[PDB]
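Novice: got a sequence here, can you model it:
(5 chains, ligands or ions: 1)
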Amino acid sequence: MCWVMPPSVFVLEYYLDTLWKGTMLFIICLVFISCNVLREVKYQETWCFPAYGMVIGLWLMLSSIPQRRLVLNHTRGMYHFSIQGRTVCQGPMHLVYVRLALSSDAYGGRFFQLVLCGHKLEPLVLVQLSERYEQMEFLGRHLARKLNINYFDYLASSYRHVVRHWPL
Amino acid sequence: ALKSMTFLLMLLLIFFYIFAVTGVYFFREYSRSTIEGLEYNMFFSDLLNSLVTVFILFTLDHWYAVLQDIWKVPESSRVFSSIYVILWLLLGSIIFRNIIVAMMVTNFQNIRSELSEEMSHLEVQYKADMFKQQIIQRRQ
Amino acid sequence: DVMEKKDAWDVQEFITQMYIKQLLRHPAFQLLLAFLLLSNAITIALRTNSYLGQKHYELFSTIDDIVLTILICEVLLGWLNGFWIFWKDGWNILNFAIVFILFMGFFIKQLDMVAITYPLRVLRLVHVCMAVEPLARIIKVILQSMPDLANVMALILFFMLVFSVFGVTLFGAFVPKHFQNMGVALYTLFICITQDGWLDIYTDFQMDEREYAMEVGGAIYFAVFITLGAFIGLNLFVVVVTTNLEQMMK
Amino acid sequence: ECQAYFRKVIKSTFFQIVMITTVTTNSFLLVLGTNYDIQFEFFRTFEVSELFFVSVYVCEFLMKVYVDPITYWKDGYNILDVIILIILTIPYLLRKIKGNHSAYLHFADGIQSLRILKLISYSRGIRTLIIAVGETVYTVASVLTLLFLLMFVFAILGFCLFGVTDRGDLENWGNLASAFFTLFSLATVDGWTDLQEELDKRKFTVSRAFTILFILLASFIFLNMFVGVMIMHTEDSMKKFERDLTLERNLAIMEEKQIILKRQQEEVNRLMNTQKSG
Amino acid sequence: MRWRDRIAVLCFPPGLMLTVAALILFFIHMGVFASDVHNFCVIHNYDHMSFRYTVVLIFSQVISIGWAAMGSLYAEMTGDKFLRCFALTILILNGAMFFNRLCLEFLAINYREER
Ligand SMILES: CC(C)CCC[C@@H](C)[C@H]1CC[C@H]2[C@@H]3CC=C4C[C@@H](O)CC[C@]4(C)[C@H]3CC[C@]12C
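Specialist: Numbering: from 1, shown residues only, chains lettered A, B, ... in the order given. This is the structure:
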């Protein structure tokens, strides 16, 4: 998968995983419907909990998405925010970045995620592996070899991060 | 190591002294009680008997049976005496056991440290002797 | 860098930053939670007494509900940051299990009784108190030391089995009721390994043939085995303790 | 004004010798006071000596009532001795002349033992040992709190296992104080056999398993964690002290060598100057 | 943007909808409160009063309260006073209605069942 995805010939496409949550909510409710707990001795009926689950699952299922795409085509592309049907966000550079973000718990354990920053863009969350730092800017250089724009790091500029397009 | 045991035995005997002479007149209602059925009355009776019984508590053998035999005293809400003897036995036993094992471990540590520095010195002396032997061979 | 205008994910990370800023870094909220938990601990210590519980049972039920709802609120707030990180944690699993068992026994009928309600509360007391620093190092090194304790325990038990064969050859139906039953025999051997008050056992097998008999042999074999095993166990315990504690000192 | 002379007097060894002599005679008074005859008869010597001792201790508190309590409020041994003086002075003020409502006598030998503790407050070698072992107070407090939490956990477990059912086992896992004392006994080695014979007759077969699990947790963990913690705390405390002492000795050695080198250079320069001028 | 298209599809803009859901929760809970009061005062038909659904609509109450709060927090950064006033008014009315129903249920306690 290491040499398949970072090349990313021309455009990239992206989706959301909320359909998984909607399908799981539907499965859980359909389990809850037939032969649930019989708590009439509790002087109550708990059908409204799966009813509210159905409201939530139906609303989450309504979040349809055709293949969130940009103009990351390996050219002088505008990085115009593209969706099958409607289009919203357009900007001449200086907005599409890739930024490393950090999160901490009460203990102090650090979790590292990555986000393609821009006007209502999609993130670049990696597949469930953030305990060590590894290589940092190697995938950043791969993104640069794609269509070099930015590779931002945490906190301010300082050092250890590279920029390619600036608006001054 | 017993040469190094210069102040720990003094503190041990002085803590023994103060706690024993304190605990003479604490369970003063035990030996000086007119209960016919009792078998540990002579433990707290005399000062030397008090020394013997607090050494027994220091060794921590049958402290449960001892306390159950002092439970035959009229229970005065156990507010000062039971907590005093329990704190004495636990604090003395754990503190002095830990301090003596720590001191003997430190004795072994410094014995091995002196050994380590001594073969270190022997090795650098041997290396210097080898270098001076090469110097003597070259000078000839 | 300059960050002329923030985006949606910067907003989300900022919101999570304020979410972890409170109740995770603020000493006031943790202090209030510790105060409430110490108060219900005091009420726990006020139990074992019906003379107090007759005017306190309704208040005990109310404070039970209060501590349960603040516990589940804390668990929900922890789940807000993500179910994956809360499920994949070394210690949050324990608090989740504690609140799950307590709430399952509370809302649904259960045979859990006080023997579940109170120990779970004091487990939560411990889990709150270790978060405040000056016992966290000691509990951390205790849980670091236990995997090295495991091998010593396993070796001790295996040696005690392979010597309990020699034991049970002279056990059962004679000097009985503590050397019989092959597991009560094992646990009586363990009692003697703990090395306190075996003179009852010494008088138990006393007077076999009143001078030597096997009164010499079995007693001396078992006694030298007991003293060797007790020394080995106590040593191996303290040395594993100091070995895993040297990892702390590094 | 006269504070310099007063501090010079308090630095003199004669006042400390008089103080040590008075409290050693107090120790001998306690030695003779644990007897019964000299406790109340042939006791005029006891009366006059005790008056002398309380006069001396009042004088010591008068020396320690100065502005130096700006240092007797943050320090180590110093707060200990002034608090010892306070908890000495108040009770025998309400005991020797009591005239009050009180239960009975349990703090005569205790007060005299506090005076013996004030005797042992000297001996600077013991002070250095106390300094070397005083950083373990936080550690032993933390392990004591861990012991108390585990004791509370198994206290409520034992009450709910053997005291709630109310079919026996009373005053062992029954009343809370007796339950706590039995748990402290069971976490040690003492009294486990008789308690085991007591508990197995209450129709609870798993009680033996629970008790042996409790022993193999509590006794081993408490004893061995305590001995390891204190062993390496003492080792790391003495390692830095010995290293600092050797560093000071080395610094003195190099200073002496530098003094010798400077003296040799001065002698060589003087000899050269006398040879030139001669 | 094309609110048009905003309201178009695939999903929708930020939060909002999640705030107006608390509104329709307020509508249905106000209707249930009105039915409860109406059956308590005049008709006296405790057979069909909402004695039966007791804890599940309280859970609906609390999730609606949390939802209105989270919507207010997630909609405050737009920098516009009208949205903040909208969300805060909805939060205030939901809290008032929750406290009102809590008082009502605590009052009518001798009328459900006994434990
Ligand atoms: C599921 C989520 C959206 C919460 C909505 C809860 C709805 C479905 C619940 C809560 C209030 C409920 C009603 C409350 C009162 C009445 C009258 C009573 O005599 C029978 C039940 C009946 C007719 C209930 C039907 C279901 C109901 C409308």
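Novice: next one: residue B:114 from residue D:249, what distance?
Specialist: 15 Å (CB to CB, to the nearest Å). For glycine as for every other residue, the C-beta is placed from the backbone atoms N, C-alpha and C.
Novice: regarding the chain, what is its longest helix?
Specialist: I went with chain A, as the question did not name one. helix A:18-33 (DSSP state H).
Novice: actually it's chain C I care about, not the one you picked
Specialist: Per DSSP H, chain C has its longest helix at helix C:213-249.
Novice: got the angle for the following helix or strand past the longest helix of chain A vs helix A:18-33?
Specialist: For helix A:18-33, the following helix or strand on the C-terminal side (DSSP states H and E) is helix A:48-61. Computed with axes from the mean of the first three to the mean of the last three CA atoms, to 10 degrees, the direction of helix A:48-61 lies at 160 degrees from that of helix A:18-33.
Novice: quick one: name the residues of chain A near the ligand.
Specialist: Residues of chain A found near the ligand (CB under 6 Å from any ligand atom) are A:48, A:51-52, A:55.
Novice: quick one: residue D:123 and residue B:62, what's the gap?
Specialist: Counting by CB to CB, the gap between residue D:123 and residue B:62 amounts to 35 Å.
Novice: out of the two, which sits in the more crowded spot?
Specialist: residue B:62 (20 against 15; other CB atoms under 10 Å in any protein chain shown).
Novice: how close does that one sit to residue D:91?
Specialist: Relative to residue D:91, residue B:62 is positioned 34 Å away (CB to CB).
Novice: and if you look at residue C:159?
Specialist: Distance from residue C:159 to residue D:91, by CB to CB: 57 Å.
Novice: how about residue A:33: what's its closest non-neighbour residue?
Specialist: Of all residues not flanking residue A:33 in the chain, residue A:50 sits nearest, at 6.8 Å (CB to CB, 6 or more residues apart in numbering or on different chains).
Novice: isn't that neighbour up against residue A:26?
Specialist: No. Using CB atoms under 8 Å, residue A:50 makes no contact with residue A:26, being 10.5 Å away.
Novice: show me what contacts the closest residue to residue C:98 other than its chain neighbours?
Specialist: Among residues not flanking residue C:98 along the chain, residue C:120 sits closest, at 5.3 Å (CB to CB, 6+ apart). Residues in contact with residue C:120, defined by CB atoms under 8 Å, 6 or more residues apart in numbering or on different chains, are C:98, C:101-102.
Novice: can you check residue A:90 too?
Specialist: Contact partners of residue A:90, counting by CB under 8 Å, 6+ apart, are A:78, A:80-81.
Novice: try residue A:61
Specialist: Residue A:61 sits in contact with A:19, A:22-23, A:26, where contact means CB under 8 Å, 6+ apart.
Novice: in a markdown table: those residues, plus distance to residue D:1 and neighbour count.
Specialist: Listed next are the contacts of residue A:61 as a markdown table, based on distance: CB to CB, whole Å; neighbours: other CB atoms under 10 Å in any protein chain shown:
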| residue | distance to residue D:1 | neighbour count |
| --- | --- | --- |
| A:19 | 90 | 14 |
| A:22 | 89 | 17 |
| A:23 | 91 | 13 |
| A:26 | 93 | 16 |
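Novice: how about those in CSV, adding distance to residue D:256?
Specialist: Shown next, in CSV, are those (distance: CB to CB, whole Å):
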residue, distance to residue D:256
A:19, 84
A:22, 85
A:23, 85
A:26, 89
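Novice: for the helix or strand hosting residue E:82, what is the distance to the chain centroid?
Specialist: Using DSSP H and E, residue E:82 sits within helix E:81-107. Offset of helix E:81-107 from its chain centre (CA atoms, centre = their mean, to the nearest Å): 8 Å.
Novice: ok, for the most centrally placed residue in chain E, nearest residue in space, not its chain neighbours?
Specialist: By CA atoms, centre = their mean, the mean C-alpha position of chain E lies nearest to residue E:26, the distance being 3.3 Å. In space, and not counting its chain neighbours, residue E:26 is closest to residue E:94: 5.8 Å by CB to CB, 6+ apart.
Novice: just residue D:231 next, same as before
Specialist: Leaving aside its chain neighbours, residue D:231 sits nearest to residue B:102 (4.5 Å; criterion: CB to CB, 6+ apart).
Novice: strands of chain A, residue ranges please.
Specialist: With DSSP state E, the ranges of strands along chain A come out as A:97-104, A:110-117, A:150-151, A:162-163.
Novice: for chain D, which of those is the nearest?
Specialist: strand A:97-104 (25.8 Å; CB to the nearest CB).
Novice: can you tell me if that closest one touches chain C.
Specialist: Yes. Legend: contact between strand A:97-104 and chain C by CB under 8 Å from any CB of the partner chain is shown at A:101, A:103-104.
Novice: check those one by one and keep those near chain E.
Specialist: Applying CB under 8 Å from any CB to the residues of strand A:97-104 next to chain C, one finds that nothing falls near chain E.
Novice: buried among those? Need that as a selection in ChimeraX.
Specialist: Applying 16 or more other CB atoms under 10 Å in any protein chain shown to the residues of strand A:97-104 next to chain C, the buried members can be selected in ChimeraX as follows:
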select /A:101,103
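Novice: reformat the residues of strand A:97-104 next to chain C as JSON lines; add distance to residue E:102.
Specialist: What follows is the residues of strand A:97-104 next to chain C, written out as JSON lines (distance: CB to CB, whole Å):
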{"residue": "A:101", "distance to residue E:102": "41"}
{"residue": "A:103", "distance to residue E:102": "37"}
{"residue": "A:104", "distance to residue E:102": "38"}
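Novice: out of the strands of chain A, deepest packed?
Specialist: Mean neighbours per residue, mean count of other CB atoms under 10 Å in any protein chain shown, is largest over the strands of chain A for strand A:150-151, with a mean of 23.
Novice: other residues contacting the helix or strand in which residue D:127 is found?
Specialist: Using DSSP H and E, the element containing residue D:127 is helix D:124-133. With contact meaning CB under 8 Å, 6+ apart, helix D:124-133 is reached by B:6-8, B:10-11, B:99, D:76-77, D:120, D:234, D:237-238, D:241.
Novice: now list the buried members of these.
Specialist: Neighbour-count burial (16+ other CB under 10 Å) applied to the contacts of helix D:124-133 gives B:8, B:11, B:99, D:120, D:234, D:237-238.
Novice: could you single out the nearest of those to chain A?
Specialist: Compare each of these with chain A using CB to the nearest CB and the shortest gap goes to residue D:237, at 28.8 Å.
Novice: pretty sure that closest one is touching residue D:135, no?
Specialist: Yes. Between residue D:237 and residue D:135 there is a contact under CB under 8 Å: 6.4 Å.
Novice: what about residue D:75, how many residues nearby?
Specialist: By other CB under 10 Å, the residues close to residue D:75 number 12.
Novice: contacts only, for residue B:17.
Specialist: Counted by CB under 8 Å, 6+ apart, residue B:17 has contacts residue D:116.
Novice: which residues touch the residue lying farthest from the centre of chain A?
Specialist: Centroid-distance maximum for chain A: residue A:41 at 45.9 Å, with CA atoms, centre = their mean. Counting by CB under 8 Å, 6+ apart, residue A:41 touches no other residue.
Novice: give me the residue from the stretch 101-250 of chain D nearest chain A.
Specialist: Distance from chain A to each residue of the stretch 101-250 of chain D (CB to the nearest CB) is smallest for residue D:142, at 18.8 Å.
Novice: nearest residue to that residue other than its sequence neighbours?
Specialist: residue C:135 is the one closest to residue D:142 (CB to CB, 6+ apart), at 4.4 Å.
Novice: can you pull the contacts of that neighbour?
Specialist: C:129, D:142, D:145-146.
Novice: distance-wise, check whichever residue of chain E sits closest to the ligand relative to residue E:36.
Specialist: In chain E, no residue comes nearer to the ligand than residue E:48, which is 3.7 Å away by CB to the nearest ligand atom. Residue E:48 is 11 Å from residue E:36, where distance means CB to CB.
Novice: could you do residue C:231 as well?
Specialist: Note on residue C:231: its distance to residue E:36, by CB to CB, is 76 Å.
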